[PDB]
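Residue numbers (the entry's author numbering): 1 to 79.
One structure is given below, encoded as structure tokens.
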Ligand SMILES: [Zn+2]
């Protein structure tokens, strides 16, 4: 399948990521949501890869951690 190419302008592939549900819908004009039905949508940028994946750089979150433990064993006494 032949394929040509001509002057390509600057393109900014973006998307709207909901909150209450956190769902993304292909639309940069819509004001409402479908997943849940929120009345507010936040604009977020997205990168494209040869393969075709979406990456959204988010702000690290506070993920605390708990202390670890250890295991032991035992055996006979005599005989
Ligand atoms: Zn929603």
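Ideal placement from N, C-alpha and C gives every residue a C-beta, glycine not left out.
Indicate, with yes or no, if ligand 1 has a heavy atom lying under 7 Å from the CB of residue i.
i, result
"residue 39", "no"
"residue 57", "no"
Is residue j closer than 8 Å to residue i when the C-beta atoms are compared?
i, j, result
"residue 25", "residue 37", "no"
"residue 23", "residue 32", "no"
For residue i and residue j, which I take to be in contact (beta-carbon distance under 8 Å), what is that distance rounded to the nearest angstrom?
i, j, result
"residue 19", "residue 42", "7 Å"
Considering only the alpha carbon of each residue, which of the options lies closest to residue i?
i, options, result
"residue 16", "4, 2, 45", "45"
"residue 48", "71, 5, 14", "14"
Using DSSP's beta-bridge definition, name the partner residues of residue i.
i, result
"residue 43", "16"
"residue 55", "47"
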